[PDB]
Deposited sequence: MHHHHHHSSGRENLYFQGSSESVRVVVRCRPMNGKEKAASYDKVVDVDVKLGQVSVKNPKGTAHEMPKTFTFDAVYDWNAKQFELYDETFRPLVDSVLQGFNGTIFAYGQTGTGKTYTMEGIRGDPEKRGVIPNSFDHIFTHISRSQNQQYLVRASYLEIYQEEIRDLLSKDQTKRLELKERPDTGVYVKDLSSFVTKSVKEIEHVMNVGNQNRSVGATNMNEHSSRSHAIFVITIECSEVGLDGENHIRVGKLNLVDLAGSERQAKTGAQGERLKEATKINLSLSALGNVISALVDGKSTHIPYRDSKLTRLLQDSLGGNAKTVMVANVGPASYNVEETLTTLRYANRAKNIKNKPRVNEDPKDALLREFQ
């Protein structure tokens, strides 16, 4: 061995909510933070079946704080992008479990803001602290819905963008818009406009956002004179992904979710198996995040109630598979696509 890297997988179980309490659902999910374990009871108990237990890199219970999640699990990933790695954070699980609460949270609120806005603060504070380093940060924001890509930052919300792929390039979204951002205020405003554009259709956003994938992309370039006196540029891409609801697995089947499951499963079956990246826009776009040149963290969001036990178990099984995925991340050094080369 040479001192590759596993996809990091964490589970977060949200509090039982008022609707669930009012319906008298039982709490069947138990989280053991010390052991990094989640146990799921059968709603009929051991009179029917024994409980299922899973182990993860870390687990977070109903009392987990947004900022502690951040510092323990997400910060090192963001750190890596600040040093020129590609990094991906994705939230997976059933509608209503807390993917968006985890990814976006309550912006403007330091206690309740999620990983995206925490990453903004981390990134720009890091930049302002640095010396003898030049940074350029820019953001894109896109939605995948019905296997088409919509640029949430574009003035034209009717156009759909195509994925292209070259040996020079890797896969990329052709003609995707990007905003250069110099501060937290600027990148927050980028997210505001994308979120506003996201609702351009009639279907209520609760339903629409459940049925689509949102990907916020922070590209961080850094230029610094090395000990060899040469100007070295590194470029890392931080993909921050809030997936469609995991229950959506004919038109009810989300093809990017289904492809994601097959990719995860193929990557960990222990065989030389075909990995079907091309079977969806999501898995094509995130190909490096799943077996490739990136560091990746998966947050598997679940809720505690007996009523949702089946979807919870589905989530936990995929999460348990994903933790065996091996990536091979590298610092992305002096790439041809670097805007900082202009200066």
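When the deposited sequence is counted from residue 1, which ranges lack any model? Missing CA coords at 1 to 14, 18 to 19, 266 to 277, 372.
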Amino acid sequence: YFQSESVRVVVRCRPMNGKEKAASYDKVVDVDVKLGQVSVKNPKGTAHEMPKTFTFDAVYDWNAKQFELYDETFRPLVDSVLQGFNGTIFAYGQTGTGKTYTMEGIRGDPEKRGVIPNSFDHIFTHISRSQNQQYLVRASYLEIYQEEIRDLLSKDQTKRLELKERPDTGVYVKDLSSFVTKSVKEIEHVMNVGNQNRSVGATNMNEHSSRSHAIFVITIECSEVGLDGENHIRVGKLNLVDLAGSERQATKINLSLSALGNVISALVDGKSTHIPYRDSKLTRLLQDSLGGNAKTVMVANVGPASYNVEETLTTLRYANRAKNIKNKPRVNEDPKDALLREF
From here on, numbers count along this sequence of modelled residues.
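Segment of higher mean CA temperature factor, 194 to 202 or 99 to 107: Going by the record's values, the stretch with the higher mean is 194 to 202.
Which is higher in the entry, the mean Cα B factor of 12 to 20 or that of 326 to 334? Between 326 to 334 and 12 to 20, it is 326 to 334.
Maximum C-alpha temperature factor, selected from 162, 121, 151, 71: Among 162, 121, 151, 71, the PDB entry lists the largest C-alpha B-factor for 162.
In this PDB entry, which of 40, 285, 305, 299 has the top CA B-factor? Among 40, 285, 305, 299, the highest C-alpha B-factor in the entry belongs to 285.
Going by the recorded CA B-factors, say which third of the chain residue 261 sits in, lowest, middle or highest. Middle third of the chain for residue 261's C-alpha B-factor.
Within this chain, which third does the Cα B-factor at residue 176 fall in: lowest, middle or highest? For residue 176, whose C-alpha B-factor we compare with every modelled residue in the chain, the answer is the middle third.
Lowest, middle or highest third: where is residue 155 by C-alpha B factor in its chain? For residue 155, the deposited C-alpha B-factor lands in the highest third.
Looking at the C-alpha B-factor of residue 293, is it in the lowest, middle or highest third of its chain? Answer is middle: the recorded C-alpha B-factor places it there.
Taking the C-alpha B-factors as the PDB entry records them, is residue 55 in the lowest, middle or highest third of its chain? For residue 55, whose C-alpha B-factor we compare with every modelled residue in the chain, the answer is the highest third.
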